[PDB]
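Asker: In short: position in the sequence shown from 1, add 94, done, that's the working numbering.
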Amino acid sequence: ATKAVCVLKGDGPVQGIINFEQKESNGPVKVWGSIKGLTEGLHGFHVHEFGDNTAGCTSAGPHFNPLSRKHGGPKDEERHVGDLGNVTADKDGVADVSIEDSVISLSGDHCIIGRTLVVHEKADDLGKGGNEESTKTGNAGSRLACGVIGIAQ
Numbered sequence: 095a096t097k098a099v100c101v102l103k104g105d106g107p108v109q110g111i112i113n114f115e116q117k118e119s120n121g122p123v124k125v126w127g128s129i130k131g132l133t134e135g136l137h138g139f140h141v142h143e144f145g146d147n148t149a150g151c152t153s154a155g156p157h158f159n160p161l162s163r164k165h166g167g168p169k170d171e172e173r174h175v176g177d178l179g180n181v182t183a184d185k186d187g188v189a190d191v192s193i194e195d196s197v198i199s200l201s202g203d204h205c206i207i208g209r210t211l212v213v214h215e216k217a218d219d220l221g222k223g224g225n226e227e228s229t230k231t232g233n234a235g236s237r238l239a240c241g242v243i244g245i246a247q
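1) Using beta-carbon positions only, say whether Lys216 and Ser201 come within less than 8 Å of one another.
2) Between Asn113 and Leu132, what straight-line distance do the alpha-carbon atoms span, to the nearest angstrom?
3) In whole angstroms, give me the CA-to-CA distance for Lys164 and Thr148.
4) Beta-carbon separation of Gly232 and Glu226 under 8 Å?
5) Considering only their Cβ atoms, is the gap separating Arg173 from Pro156 smaller than 8 Å?
6) Cα separation between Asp177 and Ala189?
7) Assuming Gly221 contacts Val213 (C-beta within less than 8 Å), just tell me the rounded distance between them.
8) Only counting runs of 4 or more residues, tell me where the alpha helix (DSSP H) segments fall wholly within the segment 121 to 158, in order along the chain.
9) Provide the residue span of the alpha helix (DSSP H) that contains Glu194, from first to last.
10) Mind checking which residues open and close the alpha helix (DSSP H) that includes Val99?
11) For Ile198 and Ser192, what's the separation of their Cα atoms in angstroms?
12) Roughly how many whole angstroms lie between the Cα atoms of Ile207 and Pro122?
13) Excluding the 5 residues preceding and the 5 following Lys169 in the sequence, name in chain order all residues of the same chain whose CB lies nearer than 8 Å to its CB.
14) Look at the alpha carbon of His137 and the alpha carbon of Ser128, and state the distance between them as a whole number of angstroms.
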């Protein structure tokens, strides 16, 4: 017998079996196996297509809406005025011409209220781009930085 090898071959920490199984006992891999996995979807799907929906679950309405299937390209041209508006413009001449011939007058509300919703693509999407960075920078929304003294009103 010898005290030099009887430490490494006798003090052998085999009790660690009970401490391995203590971590698996309730199966935390079942409660936490969900929590790690929902974190893979919110970065691999919510940042790759949109988040298990793409244009609206899979169909959005008729079979695919004009925001995935590349119907034309811009979506708001081909199936707005190109082959949609042109059918009522030439068959009736009031459906499309009532918005076009009035656009000169309606510019008084389109350039005011439509500067939030029609121009949302740069006015509200960026939260700043058309309400403080463009058309509003000089005072018309920048009433804090360009309106310190309010003299425009």
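The beta carbon of each residue, even a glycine, is placed where N, CA and C say it ideally should be.
Answerer: Here's the rundown:
1) no
2) 29 Å
3) 12 Å
4) no
5) no
6) 14 Å
7) That pair is no contact at about 13 Å.
8) 122 to 138
9) 191 to 194
10) 99 to 102
11) 11 Å
12) 54 Å
13) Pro160, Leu161
14) 15 Å
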